[PDB]
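Student: Please see the structure below; I have some questions.
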Amino acid sequence: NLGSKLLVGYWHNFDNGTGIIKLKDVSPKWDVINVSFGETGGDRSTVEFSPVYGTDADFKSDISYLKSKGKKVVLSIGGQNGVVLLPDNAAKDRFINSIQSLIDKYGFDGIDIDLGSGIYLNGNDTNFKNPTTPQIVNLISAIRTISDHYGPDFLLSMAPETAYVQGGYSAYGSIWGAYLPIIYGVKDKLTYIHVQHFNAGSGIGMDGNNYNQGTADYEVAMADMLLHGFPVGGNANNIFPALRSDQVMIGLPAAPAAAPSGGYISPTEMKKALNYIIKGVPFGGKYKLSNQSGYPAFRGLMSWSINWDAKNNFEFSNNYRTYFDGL
Ligand SMILES: CC(=O)N[C@@H]1[C@@H](O)[C@H](O[C@@H]2O[C@H](CO)[C@@H](O[C@@H]3O[C@H](CO)[C@@H](O[C@@H]4O[C@H](CO)[C@@H](O)[C@H](O)[C@H]4NC(C)=O)[C@H](O)[C@H]3NC(C)=O)[C@H](O)[C@H]2NC(C)=O)[C@@H](CO)O[C@H]1O
């Protein structure tokens, strides 16, 4: 079903100046389309979604079309202007029910967790294998419940910011490391994770060195932490285990403007990072990969976004599709 080298692209269910792309006009180079976004109202727990164009039937039909072409269409929950709060079981149930309703209604292939607020590790929540914070416990539970409610081809992805994942190397509390229990809690159902390697400033690798976003070294350092695992919160006895290589992707801006706070990397530089991550071929960078000979099963690239890509001469899709096809 799903290929071993993927391009996952976010699709704007809204017009932010880059315009609307009808689903059938989405470049075939994208293997997975993350429809953005499912959003909540007053109760911050019931997720709603209405297509930006066409009737509900029309939209479902376009999705069915994409699916017939081998593409996956995923519902992304978030993001910048999305918020899900599950303080208790009642909220969790509204969340589960609303999501399942949407999946059925439109025929989504799965869900993408793209929540960048309302997620914190409470005081005393110190063990990523056994979280205690309601938001986190309930999210894990809801995700597992939803996943179990659908067949083997259900797709589960997530796009946390680096502080929530790799940031766990520095601290475990508040937002720092906060997605680690989520990842660990659903690892057996996780298709892949694509951390947002952008609007991130700098990041500390497993070598204790600081790297700047938008550089080949940074891309390798951040991905390697998921490919290899790493000690959490300065505790050598608290190691976050490696994910399967096929569960690891990297999230990138399709264009400089797609990440106004920085993060964009030129395909030329990114290919150096990819060749190092995948084939173990160095490029003279400062960061030394955990595995000398690479992680060939590395899953691919995610991008914000399909709409930005189309506005930027299809630079992202053309460059990386050709790269991965060439493997
Ligand atoms: C806790 C936390 O959120 N961390 C800080 C961020 O808040 C802060 O700014 C936010 O950065 C994130 C990316 O890390 C960003 O969300 C992602 O980035 C793109 C833009 O680069 C977002 O695209 C926007 O989506 C909304 C709809 O949700 C559109 O209305 C808007 O037009 C889009 N903008 C553009 C340029 O296209 C995406 O939502 C999301 N990317 C993905 C893959 O989902 C937030 O937008 C940022 N929020 C703010 C405050 O602007 C970050 C940098 O300041 O620093 C973190 O520490």
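Quick note on naming: the chains in the structure tokens go A, B, ... in the order shown, residues restart at 1 in each chain, and ligands are numbered from 1 in order of appearance.
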Kindly assemble as CSV a list of the segment 110-201 of chain A residues that lie within 10 Å of segment 69-77 of chain A, each paired with its nearest atom pair and their distance in Å to one decimal, using only C-alpha atoms, sorted first by chain and then by ascending residue number.
Tutor:
```
residue,atom,partner,partner_atom,distance
A:110,CA,A:74,CA,5.0
A:111,CA,A:75,CA,4.7
A:112,CA,A:76,CA,4.3
A:113,CA,A:77,CA,5.3
A:114,CA,A:77,CA,5.5
A:115,CA,A:77,CA,6.7
A:153,CA,A:72,CA,9.9
A:154,CA,A:74,CA,9.4
A:155,CA,A:74,CA,7.4
A:156,CA,A:74,CA,8.4
A:157,CA,A:76,CA,8.8
A:158,CA,A:76,CA,8.5
A:159,CA,A:76,CA,9.3
```
Student: For ligand 1, return the neighbouring residues as a VMD selection string (distance at most 9 Å; only C-alpha atoms and all ligand atoms).
Tutor: chain A and resid 9 to 10 12 14 to 18 36 to 37 76 78 to 82 114 to 119 159 to 164 175 194 to 201 251 to 253 257 to 263 302 to 305 307 to 308
Student: Please identify all polymer residues within 10 Å of residue 206 of chain A, counting only C-alpha atoms, omitting same-chain residues fewer than 6 positions from it, and present them as an MDAnalysis selection string.
Tutor: chainID A and resid 166 169:170 221:222 224:225 228:231 287:290
Student: Limited to C-alpha atoms, could you put the picked residues into a file as a compact mmCIF listing (two decimals), in the first residue's frame?
Tutor:
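Once written, out.txt looks like this:
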```
# COMPACT_ATOMS: atom_id res chain seq x y z
CA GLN A 166 13.96 16.42 20.52
CA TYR A 169 16.92 15.94 25.46
CA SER A 170 17.18 19.19 27.42
CA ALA A 221 20.98 15.77 14.13
CA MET A 222 17.25 16.14 14.75
CA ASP A 224 19.00 10.94 14.25
CA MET A 225 17.48 11.35 17.71
CA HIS A 228 18.68 6.14 17.34
CA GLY A 229 16.88 7.16 20.54
CA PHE A 230 18.31 9.49 23.18
CA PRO A 231 18.59 10.11 26.93
CA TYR A 287 27.41 16.21 13.10
CA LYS A 288 28.37 12.52 13.18
CA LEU A 289 25.54 10.08 12.45
CA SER A 290 24.83 7.46 15.13
```
Student: For a test of reading the model, state the distance in Å between atom CA of residue 21 of chain A and atom CA of residue 62 of chain A, rounded to one decimal.
Tutor: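 We find that atom CA of residue 21 of chain A and atom CA of residue 62 of chain A lie 12.0 Å from each other.
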Student: Which residues in segment 25-97 of chain A does DSSP call strand (DSSP E)? List them as a list in words.
Tutor: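 So, restricting segment 25-97 of chain A to strand (DSSP E), we get residues 32, 33, 34, 35, 36, 37, 38, 39, 40, 47, 48, 72, 73, 74, 75, 76, 77 and 78 of chain A.
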Student: If you count only C-alpha atoms, which residues fall within 7 Å of residue 165 of chain A, apart from same-chain ones fewer than 6 positions away, as JSON, numbers by chain?
Tutor: {"A": [177, 178, 179, 180]}
Student: With N, CA and C atoms kept, could you save the residues just selected as a compact mmCIF listing (two decimals), in the first residue's frame?
Tutor:
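Output file result-v9.txt is given in full below:
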```txt
# COMPACT_ATOMS: atom_id res chain seq x y z
N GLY A 177 9.58 17.81 25.77
CA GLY A 177 9.45 16.36 25.75
C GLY A 177 8.01 15.88 25.79
N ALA A 178 7.06 16.81 25.74
CA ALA A 178 5.65 16.48 25.97
C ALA A 178 5.02 15.49 24.98
N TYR A 179 5.54 15.41 23.76
CA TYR A 179 5.02 14.44 22.80
C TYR A 179 5.65 13.06 22.96
N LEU A 180 6.73 12.97 23.72
CA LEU A 180 7.40 11.68 23.89
C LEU A 180 6.46 10.61 24.45
```
Student: Counting only C-alpha atoms, which residue out of A:29, A:93, A:65, A:5 sits closest to residue 327 of chain A?
Tutor: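 Using only C-alpha atoms, residue 327 of chain A sits closest to A:5.
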Student: Mind checking which residues fall within 6 Å of segment 97-103 of chain A, counting only C-alpha atoms, ignoring those fewer than 4 positions away in the same chain, and posting them as a JSON list (two decimals) with N, CA and C atoms, in the first residue's frame?
Tutor:
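Done, and the output landed in around-v4.json:
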```json
[["chain", "number", "residue", "atom", "x", "y", "z"],
["A", 46, "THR", "N", -14.95, 18.83, 20.51],
["A", 46, "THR", "CA", -15.66, 18.32, 19.35],
["A", 46, "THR", "C", -15.01, 18.88, 18.09],
["A", 47, "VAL", "N", -14.46, 18.00, 17.26],
["A", 47, "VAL", "CA", -13.80, 18.42, 16.04],
["A", 47, "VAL", "C", -14.79, 18.51, 14.89],
["A", 107, "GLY", "N", -14.50, 9.64, 4.36],
["A", 107, "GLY", "CA", -13.69, 8.51, 3.92],
["A", 107, "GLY", "C", -12.19, 8.73, 4.07],
["A", 108, "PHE", "N", -11.80, 9.53, 5.06],
["A", 108, "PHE", "CA", -10.39, 9.76, 5.32],
["A", 108, "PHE", "C", -9.66, 8.44, 5.59]]
```
Student: Using only C-alpha atoms, determine which residues lie at most 7 Å from residue 203 of chain A, disregarding the query and same-chain residues fewer than 5 positions distant; provide the list as number ranges by chain.
Tutor: A: 210-212
Student: Just to be explicit: take each residue in the selection above, keep C-alpha atoms, and write the result as a PDB file, in the first residue's frame.
Tutor:
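Ended up saving to again.pdb:
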```
ATOM      1  CA  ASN A 210      23.685  23.196  19.191  1.00  0.00           C
ATOM      2  CA  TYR A 211      22.598  23.322  15.544  1.00  0.00           C
ATOM      3  CA  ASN A 212      20.778  26.007  13.556  1.00  0.00           C
TER       4      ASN A 212
END
```
Student: Check the DSSP output for the backbone and give back, as a PyMOL selection string, the residues of segment 53-300 of chain A in helix (DSSP H, G or I).
Tutor: chain A and resi 56-68+89-106+134-148+162-164+166-169+180-186+216-228+245-247+256-258+267-279
Student: Write out as an NGL selection string the residues lying within 10 Å of residue 292 of chain A, counting only C-alpha atoms and excluding same-chain residues fewer than 3 positions away.
Tutor: :A and (276-277 or 279-282 or 288-289 or 295)
Student: Taking only C-alpha atoms into account, name the residue in A:238, A:89, A:266, A:68 that is nearest to residue 219 of chain A.
Tutor: A:266
Student: Check the smallest atom-to-atom distance from each of A:213, A:317, A:247, A:174 to residue 136 of chain A using only C-alpha atoms, then report the winner.
Tutor: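 Counting only C-alpha atoms, the residue closest to residue 136 of chain A is A:174.
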Student: Please indicate the distance in Å from atom CA of residue 95 of chain A to atom CA of residue 142 of chain A, rounded to one decimal place.
Tutor: 7.5 Å
